[PDB]
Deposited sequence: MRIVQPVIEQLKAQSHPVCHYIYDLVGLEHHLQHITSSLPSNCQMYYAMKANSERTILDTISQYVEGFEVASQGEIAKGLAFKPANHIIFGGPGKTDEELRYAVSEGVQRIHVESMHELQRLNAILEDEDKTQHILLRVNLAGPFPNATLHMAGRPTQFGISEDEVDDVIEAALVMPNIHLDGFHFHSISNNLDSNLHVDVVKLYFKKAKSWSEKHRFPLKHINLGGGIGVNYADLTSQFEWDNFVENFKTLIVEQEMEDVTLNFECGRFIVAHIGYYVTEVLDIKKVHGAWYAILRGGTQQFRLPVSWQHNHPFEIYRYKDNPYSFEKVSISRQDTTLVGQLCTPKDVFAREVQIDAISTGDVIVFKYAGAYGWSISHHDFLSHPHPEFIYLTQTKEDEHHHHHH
């Protein structure tokens, strides 16, 4: 167990247990595997919205080609660990301030999501007397993202008449949390066919395709994860099959890169029965780890049993009960897991929520009810 030595040290020093713990060794091994496996014309970028903690970005920047970013704040964070010319910038509502900032820093690509954005970017580029390499984000045939497939032709033609714009190709991000590697190869096939078709029709060279992220992780069954080696094998073949060896490619994964190496670890403060149902109240809450509520699932956990008793009255101990795990918050929505069968649990024990590395802290309402933040520990050996 990676987190158990840390929990024992915290218990030994009488420190409260409410922590995010990250396995950086596991992260580096995962990254090494991913990046070394790809074909030479495809690179991994990290989509930092999954987890933009500075220590996480620092570890990740050693392996990835660069960062995908979607705001001025994320550009700023990326610039601490990568040069601007390895930062790619997406998002449906890029402000004039963000675009000017991106242009000024010299970001690698801006992924343009609409005609109006193209025109706003262009006006800035004319005012600054600079050029910019772009992709056009395509929404293949409804969400708010990218250019609707049938509108794409018009935005290509507008882009090609702008001398300040260098059109590299296309950007597709149309799927989320896909666990099926064969499906993902078929989706990449579709992206190749559409990009080649627009390139031909509009008579401009297809230099680059951003294939997006959306590679899934399994929170229900932890043993059944995305078949990366299978995917990459069939991906390499597909590139030859479609004659894309000359076209440069990138992925922009968030979740798949960091999910399994993070843990949210908290101590049991209380155990109570209310109208027949058992509850375990934990330190912290869903305002520090909102992932379970966002998904409406029971988040995977293990229990560390603590033998000692810090009080002169007895613990509350139960066994073999359907138990609802909640945090400290004053809302009935503060639930990590609802009516999960628990083998044995007492006040003073520690819950270890696994697979908490992605969209855990990053999506959470940290300061609701003004609780102190959890402590952050990054394991390096």
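*Asks:* Need the unmodelled segments of the deposited chain, numbered from 1, in order.
*Replies:* Missing from the model are residues 1, 143-155, 396-406.
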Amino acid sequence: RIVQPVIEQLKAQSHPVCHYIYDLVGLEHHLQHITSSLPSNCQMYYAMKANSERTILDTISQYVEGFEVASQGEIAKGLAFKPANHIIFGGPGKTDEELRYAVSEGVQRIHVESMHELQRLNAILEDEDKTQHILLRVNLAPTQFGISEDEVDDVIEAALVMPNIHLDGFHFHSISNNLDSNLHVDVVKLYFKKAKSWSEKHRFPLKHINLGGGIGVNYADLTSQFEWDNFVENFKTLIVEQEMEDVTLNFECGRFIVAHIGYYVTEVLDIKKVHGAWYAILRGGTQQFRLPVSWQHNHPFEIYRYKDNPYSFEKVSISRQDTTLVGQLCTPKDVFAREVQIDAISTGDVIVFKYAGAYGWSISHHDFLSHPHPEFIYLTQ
From here on, numbers count along this sequence of modelled residues.
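*Asks:* Tell me which stretch, 48-56 or 339-347, has the higher mean Cα B-factor listed in the entry.
*Replies:* Result of the comparison: 339-347.
*Asks:* Going by the average Cα B-factor in the PDB entry, point out whether 352-360 or 26-34 comes out higher.
*Replies:* The entry gives the higher C-alpha B-factor average to 26-34.
*Asks:* Of 261, 121, 80, 183, which one's C-alpha B factor is largest in the deposited record?
*Replies:* If I rank 261, 121, 80, 183 by C-alpha B-factor, first place goes to 183.
*Asks:* Tell me, please, which of 139, 296, 72, 266 has the highest C-alpha B factor according to the deposited entry?
*Replies:* Within the set 139, 296, 72, 266, 296 shows the top C-alpha B-factor.
*Asks:* Looking at the C-alpha B-factor of residue 194, is it in the lowest, middle or highest third of its chain?
*Replies:* For residue 194, whose C-alpha B-factor we compare with every modelled residue in the chain, the answer is the middle third.
*Asks:* Please say which third, lowest, middle or highest, residue 288 falls into when its CA temperature factor is compared across its chain.
*Replies:* Residue 288: CA B-factor falls in the lowest third of its chain.
*Asks:* Ranked by Cα temperature factor within the chain, is residue 330 in the lowest third, the middle third or the highest third?
*Replies:* Its C-alpha B-factor, which the entry lists for residue 330, ranks in the highest third among residues of this chain.
*Asks:* Residue 214: which third of its chain by C-alpha temperature factor?
*Replies:* For residue 214, the deposited C-alpha B-factor lands in the middle third.
*Asks:* Within this chain's modelled residues, let me know which third the CA B factor of residue 272 belongs to: lowest, middle or highest.
*Replies:* Bottom third by C-alpha B-factor.
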